[PDB]
Every structure is written in structure tokens, then in C-alpha cells.
Ligand SMILES: [Zn+2]
Ligand SMILES: [Zn+2]
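Residue numbers (PDB author numbering): 20 to 282.
Shown next as C-alpha cells:
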């Protein structure tokens, strides 16, 4: 079973972007004069945690206007229907992943036949496309299609001001190859390897100042948070870590491809 995450203190990352996630499954709140955007609904058990985190920061759960995800797997999206029911947020999902959301996982190219991965079916209020923007209260997020891990995996970017300086924030959706994924002659998702290679090209040339991800462990949330509490100059500003992480996962993809092609 997926290891149930533990709660994590919420905090401001930079500018109007806040962490409201767990010690593992990462969720983000963007606060604007015209309401808030939430990214990743996580497990159903995490929806009360997300609500508690938002409120702890002094914001209103009922001000959640838009719900986004990193990608269509249960650990980022299972909680979406609950959040819709509780806030009436508008759910926006990259086109290639919509079928998985509508079907609660039953159409998943890999996990269609694994009932332990299914989640509550939800409707998508706006279908997104590569490079499409999500705009609220003057804040502008950009959806980047970085496919492979899912057909519609989305890397979310925005610009944040912090201490009079400008930073590109990048929430890497995932370019991990899950155990069991078939990269050669995939029957359901033939372009899976071409899609990962595209994601690598995009991410390797993407400006990345504030380094984030769909899972805390991607970007060293725990140790960085400890530095933040100690008052350090924004430890979430980590371009080197971001470049090193993208390089590592690009190499991991080619390591797994080699294994499947020659092992
Ligand atoms: Zn996933
Ligand atoms: Zn995940």
C-alpha cells in the first residue's frame, strides 16, 4: 500500500507561493487578490491536512478557485473530487491526462488493471494544453507538458518576486520511470520513450531557480525547511540542485532504457 504521508508545517516558499503539502506528497497554494490556486489534491486522507495547512497560514479553504495537479496518479489526484465538493474549485487538467481523471484510473496506460491505483472519478472543468497559462488575480502559471511518467504529466512554472529579486519557480511533475513500466514496444503507450526524451530536452533547457516537485524528496524539502526555520536566505532558491536533479533523472531514464534494451 502507498505509505501514508505525515503532516508537514505549511510555509511561504517565495512571493505568493506557499507549501501546504505533507512530508512526501507535495501540494502548493498560490494566493491572489481574486482567490487561490491549489496544486495537488493528494490522497483522500490528505484533504483535511491540506485544508488545515491553508487555514494555519491564515487563508480560507473556501477561497480555493482553481485546482491543478502535477499528473494523473492517485497520489497527486485522488483527493480532487473531495476538494471540488468542499470548495467548488474549477479543476483544470492537461488534455493527455483527462481520460485518466474521468475514469478514476481505469484508462491508465500502465495501471488500468491494478485496482489498488483507482480513485474517485471527477469532471474536468478546463482542458489544458502544452504552454497554456492559468491566470488568477494577476498571477500567471504556465502548464508545460513533460510527458512519459503519465501521458499528460505537467511541469508548472511561475515567476516569483522574493527580497526584491525575480525567480522562476518550477514544480517538476515527475520524469521518473515507475518499476514495471515498459519503454520498448509499449502496447498501450507506444510513444512513452519518445515522450520521456522530449521531457528531458524541455527540462534540461528550462530556467529553474526555485526548485520544487510533486514529491518532497525530489527537492530536499525537509532539510531546506530546517534551513528556512533557522532564517537562512531562501534555501528553496536552488538552481544547482534543480539542474543536478534533472540531470540525474534524465540519466536514470537512459539507465532503465539500456536495461530494457540490452539487459
Ligand atoms: Zn506518478
Ligand atoms: Zn507520485
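Virtual Cβ for every residue (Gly too), placed ideally from N, Cα, C.
- Counting every other CB atom within 10 Å of its CB across the protein chains shown gives residue 28 a total below 16, marking it as exposed.
- A direct Cα-Cα distance of roughly 9 Å separates residue 155 from residue 49.
- Rounded to whole angstroms, the Cβ separation of residue 179 and residue 173 is 18 Å, and the two are not in contact under 8 Å.
- At least one heavy atom of ligand 2 falls within 6 Å of the beta-carbon of residue 94.
- Taking a C-beta distance under 7 Å as the contact criterion, residue 115 and residue 171 qualify as a contact pair.
- Residue 249 has its alpha-carbon roughly 43 Å from the corresponding atom of residue 212.
- Contact annotation, residue 89 with residue 233: C-beta distance approximately 4 Å; criterion of less than 8 Å satisfied.
- A distance below 7 Å between beta-carbons, with the five flanking residues on each side excluded, links residue 98 to the following residues of its chain, in chain order: 60, 61, 62, 63, 65, 66.
- Taking the Cα of residue 238 as reference, the smallest distance to any Cα among 86, 259, 103, 184 is reached at 259.
- In this structure, 129 is the residue among 129, 47, 222 with its C-alpha nearest to the C-alpha of residue 197.
- If you check the C-beta of residue 134 against ligand 1, you find no heavy atom less than 6 Å away.
- Residue 218 has its CB no nearer than 6 Å to any heavy atom of ligand 1.
- Shortest gap from the CB of residue 193 to any heavy atom of ligand 1: under 6 Å.
- Counting only the Cα atoms, residue 34 lies some 44 Å from residue 206.
- Within its own chain, the residues whose Cβ lies closer than 7 Å to the Cβ of residue 127, once the five positions on either side in sequence are excluded, are 119, 136, listed in chain order.
- Setting aside the 5 residues that flank it on each side, residue 215 is surrounded in the same chain by 167, 272, each with a C-beta closer than 6 Å to its C-beta; the list follows chain order.
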